[PDB]
Amino acid sequence: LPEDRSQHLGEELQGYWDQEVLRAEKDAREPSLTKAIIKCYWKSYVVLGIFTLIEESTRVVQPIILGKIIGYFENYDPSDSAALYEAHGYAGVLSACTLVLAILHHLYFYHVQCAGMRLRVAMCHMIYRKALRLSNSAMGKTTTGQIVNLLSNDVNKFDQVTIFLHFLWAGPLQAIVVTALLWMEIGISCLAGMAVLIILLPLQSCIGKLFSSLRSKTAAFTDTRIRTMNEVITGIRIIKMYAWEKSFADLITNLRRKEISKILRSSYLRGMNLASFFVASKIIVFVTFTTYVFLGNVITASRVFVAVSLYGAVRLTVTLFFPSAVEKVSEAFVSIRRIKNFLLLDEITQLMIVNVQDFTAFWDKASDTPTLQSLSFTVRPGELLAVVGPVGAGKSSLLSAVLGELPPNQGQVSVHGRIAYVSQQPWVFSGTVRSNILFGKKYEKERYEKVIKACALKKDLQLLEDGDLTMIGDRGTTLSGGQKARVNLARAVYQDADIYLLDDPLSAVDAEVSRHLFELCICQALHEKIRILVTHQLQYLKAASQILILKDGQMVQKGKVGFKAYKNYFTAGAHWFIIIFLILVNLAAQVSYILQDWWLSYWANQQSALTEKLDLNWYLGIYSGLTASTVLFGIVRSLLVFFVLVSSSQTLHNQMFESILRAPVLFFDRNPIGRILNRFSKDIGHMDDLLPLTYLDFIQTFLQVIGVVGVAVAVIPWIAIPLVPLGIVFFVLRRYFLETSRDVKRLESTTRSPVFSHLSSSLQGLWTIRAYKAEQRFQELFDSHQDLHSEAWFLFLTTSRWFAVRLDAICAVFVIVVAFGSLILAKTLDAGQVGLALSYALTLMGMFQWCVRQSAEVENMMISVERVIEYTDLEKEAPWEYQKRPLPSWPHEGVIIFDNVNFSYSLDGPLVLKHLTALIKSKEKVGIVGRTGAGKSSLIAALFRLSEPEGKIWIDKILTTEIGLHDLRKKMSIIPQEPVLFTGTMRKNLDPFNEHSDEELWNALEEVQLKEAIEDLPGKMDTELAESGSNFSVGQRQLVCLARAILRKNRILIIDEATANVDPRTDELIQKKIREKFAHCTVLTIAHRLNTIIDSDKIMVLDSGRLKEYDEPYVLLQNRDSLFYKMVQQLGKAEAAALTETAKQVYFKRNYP
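Here it is, written out as structure tokens:
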């Protein structure tokens, strides 16, 4: 509707906010955003408020009319037909109150949602209006996430507050008036009940604080686990080859052991909160009626069950809703104050030729130096200015100065004509790549195609699946970097400005593309235009009309889940006996809950059947027992669900983690790191932190719904006939709703993230989108994405309302059946029985909707459990240890034999080694040579049995097939292709099994000459390394990987580019260290820098299929028909000459030796 779409709805609130800034400027006070919101929406809040007034009035009137119905039975006489008519009157009024609440909820459930959405959508408008106009200072001291958190979090508070806000008055007023009504019904004993009620307020508030401390304290372990698990999952191939699986197992078990201790202790406090909500009514009624009878009053059914029904009214609003409102209105005011701050944040000022004179600027006046100083320049049509200089020269400060984003500190800047800007970091928005080029301009195909061909972009637009109609993600994720760079320039070239600002786009592309862009676009296409080009591509500079060189900031030069999933989730947590015990204690909790209320009905009947008086010792004694058993079972049941379900979450994580460790590497190839880690971060998260609560809350309420129906059918058995249709309706109604709702619920979620992602993209682009003065267009696109989500959300609202307005209709019917049916059968039953029937009947709505709501949340969250259960059942590597284990001296020589070996990364996959058959002699030096991925990397995966080979691999006449994987993998030393360090001690990275001497460690750390860094690091070998050891250089990480091999003594060493991350001199020196440290080893080297292997005793040359050469490299080089000679000949003449000279000399010496 036009009255609810974002532009109209937001523009009015902004009008009030500015007027609250015009006021408090015509006045010395500061502004209030709360005044602006209130002054805008008070007309809606009032009607939201009147519903609460009328609703809470009827909820209090229901108990009083219930008293009139029961009063029919307390003095029943079948001869008074008029009394029967009058009871039907109140039975009518009690029905009307019931359907009134249904309609009030049906209206209120609409207007609260619409009022909340309107306030949210108006706030979204003002926040995004600012984001297009933030100062570039503010965009420094604030971040993309911190602004998006406004939309993604702080604004979502407002439509929660609009629900609860009026309970901040309705709660207190109801507690007062219900206290007054209880006083008229009971007398002073009503205070003893309310004393408990106002104590559960602080007591539940305290448990919330104590829980929040444990919930805060446990998050440190969770992040430590998840970060450890992330490096475990990321590094898995290196973790596997080192056999360090037992090390990271013992880390994760200790992290998980400590974490679940906190999750259990926090969960028990949270079980105590829900136990309080369950027992609260029973304690409140117990202390009330105990004190009432001790004052000598006698229990009669009307007074009791009116009073019990009144506590049922005030309890829920005072204990649940009033604290929820005070909490969420606190969240409101922190959000309002945060949004007030952001809306007041610094803005961009309200700012053919370019002319700049005496120009100086500071990004921060607190800087020790200017960020630009004493610049001056001017440039005019047909001129190209090239801007040149080192890193930190100020080049990007100049262009952002000319664009006017960096204001001048001194001097002056002026421009005439349109300015184009292309940013070095390319930027793209959710839309067609064509839209990413047209940027809202009219589409003209010829200038467009000229742009495409001038940008040499036609191929990429022909390769995209839907062509240039391919939707690009809000960060360009479906383009390559070089496409989005060229797309980002193509935009500016279509916009055809008078002045171009180019911030080094020519570095985002190859020299050929760069010269194609520079020559064709910049020189030829922009030939008539002003250009200012910053670039590191100095190669063209003589083409520039003028050159400005900068340094240090100044100028230098100019020139649904199945039952089995539920069964496994419960059975995995505890023995079969405890789950039976869990069911019994759940039923025992609810049966005892009912039975004390039945006991008042029995006590009422007995008092009515009677001077003489009841023996209080019996009735009050049993009443104390039944109340106490509800407390005991209510507590025990709460703690035991949490124990069984958190214990299940402990067991299932451990089975899943052992499975993930034992998964074959192929599992981490076919599933990405994020999707695996999401099992541990989200799904185990729910299984720890939400699903146990939701199960307990569902179970607690569901048994209580069965309690209402059970009491009613136990007291009036003929109600079972009206209920079987009512059940049949409900089952069909739920089935129909869940079939249709799941789609609209998804649609309402999938349409929200475009709002945040459009903002998040719009923030990254702010420089360029404001450059074209595209603000107001990019505001309408937000209003389109916002008001399109509003449309999706409105369809969800009507769908949910259609269910709710009849889910509470079947509940309203149930009250009619009990209310009127009780009178139709009035001859059969006594007043206390009818009081028990109806006081339970009156509580059905509210909790019945909540029971069904919690059913949907359980059934949804169980998807997380099914998603972990699939990972308990992964395929496994062969056992770490077989029955046979090699003698500890093996390998004694390190002879490796390949025999007819084939390998494939999957048993369903193509072969990537075939018939590989070769002998490697002990102490022999072998180089592995061939095309990228042509067998080379598969050989390492085969030798370590990362995927099982076909054919036979022997080590010292042991078949590697017939021994445990840790026998094989431990007894071979590997220096990986990409080095990895793990977050922990330097010692844990050198010797996690703690089996090398500290003298040996230091000797290795000396032998790699890393000790200087370990002496520079404060903790020596015990120093805590950074994230992945980022404190060390990638070269130093290779030094650590060399040390590990030095420590791990083995006959067999495998090497893969192990030194390529090092400068050529230190690279070749640590190559010499390898020769010095492993001269005795059998060494297999995989490399591309043939200079690293030319001195091998043999080189294996692999086709992608087969071992084509395997011989002395000199003999291979003398075999000019070898691929080895062809390869060195392809490298070049001097390369082959150098290599062949080295080979000849070493071959002669090794033959002479």
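Counting with the deposited numbering, you get residues 48 to 398, 408 to 615, 695 to 745, 756 to 1298 for the letters of the sequence shown. Ideal Cβ positions, reconstructed from N, Cα and C, are used throughout, including at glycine.
Sequence-distant residues of its chain with Cβ nearer than 6 Å to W419 (five each side left out) = Residue mapping note: residue 419 aligns to position 363 of the sequence shown, counting from 1. The answer, listed in chain order, is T427.
Nearest-angstrom Cα separation, counted from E1026 out to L1104 = Your numbering for residue 1104 matches position 959 in the sequence shown. Your numbering for residue 1026 matches position 881 in the sequence shown. Approximately 14 Å between the Cα atoms of the pair.
Hey, quick one: how far does the beta strand (DSSP E) through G496 stretch, first residue to last?
-> Here the question's residue 496 lines up with position 440 in the sequence shown. Premise fails: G496 is in no beta strand (DSSP E) and is neither H nor E.
Given that a residue counts as buried once 16 or more other Cβ atoms are within 10 Å of its Cβ, and exposed if not, what is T190?
-> Translated into the one-based positions of the sequence shown, residue 190 becomes position 143. Result: exposed.
Within the segment 1151-1213, note down every full alpha helix (DSSP H) run reaching 4 residues or more, in order along the chain.
-> 1156-1161, 1179-1192
Just checking my contact of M1131 with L1170 at CB under 8 Å: how many whole Å lie between their CB atoms?
-> If you number the sequence shown from 1, residue 1131 lands on position 986. If you number the sequence shown from 1, residue 1170 lands on position 1025. Indeed, because the Cβ distance is near 6 Å, the residues count as touching under 8 Å.
Can you have a look at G819 and say buried or exposed, based on whether 16 or more other CB atoms are within 10 angstroms of its CB?
-> Residue mapping note: residue 819 aligns to position 674 of the sequence shown, counting from 1. Exposed, because fewer than 16 other Cβ atoms sit within 10 Å of the Cβ of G819.
Can you give the beta carbon distance from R946 to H158, rounded, assuming they're within the 8 Å contact cut?
-> Counted from its first residue, the sequence shown places residue 946 at position 801. Counted from its first residue, the sequence shown places residue 158 at position 111. The Cβ separation is near 11 Å, so there is no contact.
Report back the beta-carbon spacing between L48 and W64 to the nearest angstrom; my notes put them in contact at under 8 Å.
-> On the sequence shown, residue 48 is found 1 positions in, with the first residue counted as 1. On the sequence shown, residue 64 is found 17 positions in, with the first residue counted as 1. Actually they are not in contact, since the Cβ atoms of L48 and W64 sit about 23 Å apart, beyond 8 Å.
DSSP state of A1279 mapped onto helix, strand, coil = The residue labelled residue 1279 in the question sits at position 1134 within the sequence shown. In this structure, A1279 counts as helix in the three-state DSSP scheme.
Answer yes if the segment 1032-1050 comes into contact with the segment 705-725, meaning at least three C-beta pairs across the two stretches below 8 Å, and no otherwise.
-> no
Where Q193 sits in the DSSP three-state scheme | Numbered from 1 along the sequence shown, position 146 holds the residue referred to as residue 193. In this structure, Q193 counts as helix in the three-state DSSP scheme.
Are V720 and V776 close, meaning C-beta to C-beta below 8 Å?
-> Counted from its first residue, the sequence shown places residue 720 at position 585. Counted from its first residue, the sequence shown places residue 776 at position 631. No. Outside cutoff.
How far does the beta strand (DSSP E) with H472 in it reach, from first residue to last?
-> Here residue 472 refers to the residue found at position 416 when the sequence shown is read from its first residue. Run containing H472: 466-472, per the beta strand (DSSP E) assignment.
Assigned exposure category for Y768 - 16 Cβ within 10 Å defines buried = The sequence position of residue 768 within the sequence shown is 623, counting from 1. When all chains shown are included, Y768 counts as buried.
Burial state of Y881, where buried means 16 or more other Cβ atoms lie within 10 Å = As a working mapping, residue 881 is identified with position 736 in the sequence shown. Classification for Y881: exposed.
Rank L981, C579, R531, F875 by C-alpha distance to the C-alpha of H903 and give the top, closest one.
-> Here residue 903 refers to the residue found at position 758 of the sequence shown. The option with the nearest alpha carbon to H903 is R531.
Which of helix, strand or coil DSSP assigns to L1019 = Position 874 of the sequence shown, counting from 1, holds the residue named residue 1019. Coil, per DSSP.
For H831, count neighbouring Cβ atoms within 10 angstroms of its own Cβ and tell me buried if that reaches 16, exposed if not.
-> In the sequence shown, counting from the first residue as 1, residue 831 sits at position 686. Buried: at least 16 other Cβ atoms inside 10 Å.
Opposite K264 in the DSSP bridges: which residues?
-> Position 217 of the sequence shown, counting from 1, holds the residue named residue 264. Beta-bridge pairing links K264 to no other residue.
Through-space distance from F295 to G1129, alpha-carbon basis = Taking the sequence shown and counting its residues from 1, one reaches residue 1129 at position 984. Taking the sequence shown and counting its residues from 1, one reaches residue 295 at position 248. About 11 Å.
Complete beta strand (DSSP E) runs within the segment 1112-1154 (minimum length 3 residues, chain order) | 1117-1120
Closest Cα partner of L1135 within the set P1163, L1113, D1167, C1226 = Within the sequence shown, numbered from 1, the residue matching residue 1135 stands at position 990. Minimum Cα distance to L1135 is reached at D1167.
Please name the residue, chosen from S1178, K264, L1146, that lies closest to residue 1299 on a Cα-to-Cα basis.
-> This structure cannot settle anything about residue 1299, because the visible part of the chain is limited to 48 through 1298.
What are the partner residues of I1065, as DSSP defines its beta bridges?
-> Translated into the one-based positions of the sequence shown, residue 1065 becomes position 920. Answer is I1041.
Roughly how many whole angstroms lie between the Cα atoms of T772 and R350?
-> Here residue 772 refers to the residue found at position 627 of the sequence shown. Here residue 350 refers to the residue found at position 303 of the sequence shown. Taking the straight line joining both Cα atoms gives about 19 Å.
With C-beta atoms as the reference, is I1200 less than 8 Å away from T1230?
-> Reading the sequence shown from its first residue, position 1055 is the one you call residue 1200. Reading the sequence shown from its first residue, position 1085 is the one you call residue 1230. Yes; because the gap between Cβ atoms is below 8 Å, this pair is in contact.
Go through its chain and collect everything with a Cβ distance to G282's Cβ below 8 Å, but skip five positions before and after it.
-> Walking along the sequence shown from the start, residue 282 turns up at place 235. The answer, listed in chain order, is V1125, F1127.
Given a cut-off of 8 Å, decide if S323 and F258 are closer than it, judged by their beta-carbon atoms.
-> The residue you call residue 258 lines up with position 211 of the sequence shown. The residue you call residue 323 lines up with position 276 of the sequence shown. No, the pair does not count as a contact, with Cβ atoms beyond the cut-off.
Residues in its own chain within less than 7 Å of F802 by CB, not counting five upstream and five downstream?
-> Taking the sequence shown and counting its residues from 1, the one referred to as residue 802 is at position 657. These residues qualify, in order along the chain: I299.
Which first and last residues belong to the alpha helix (DSSP H) in which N301 is found?
-> Indexing the sequence shown from 1 puts residue 301 at position 254. Per DSSP, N301 belongs to the alpha helix (DSSP H) from 292-341.
What is the residue span of the alpha helix (DSSP H) that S142 lies within?
-> In the sequence shown, residue 142 corresponds to position 95, counting from 1. Element bounds for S142: 128-178.
Is there a Cβ from chain C that is less than 8 Å from the Cβ of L1126?
-> You won't find chain C in this structure, because it holds only one protein chain.
For the segment 517-560, list the alpha helix (DSSP H) runs that are entirely contained and at least 4 residues long, ordered along the chain.
-> 537-551
When DSSP labels each residue in this structure, what does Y704 get in the three-state scheme?
-> Position 569 of the sequence shown holds residue 704. In this structure, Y704 counts as helix in the three-state DSSP scheme.
Where DSSP assigns a beta bridge to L1229, which residues make up the other side?
-> Taking the first residue of the sequence shown as 1, we reach residue 1229 at position 1084. DSSP output for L1229 lists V1071, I1199 as bridge partner(s).
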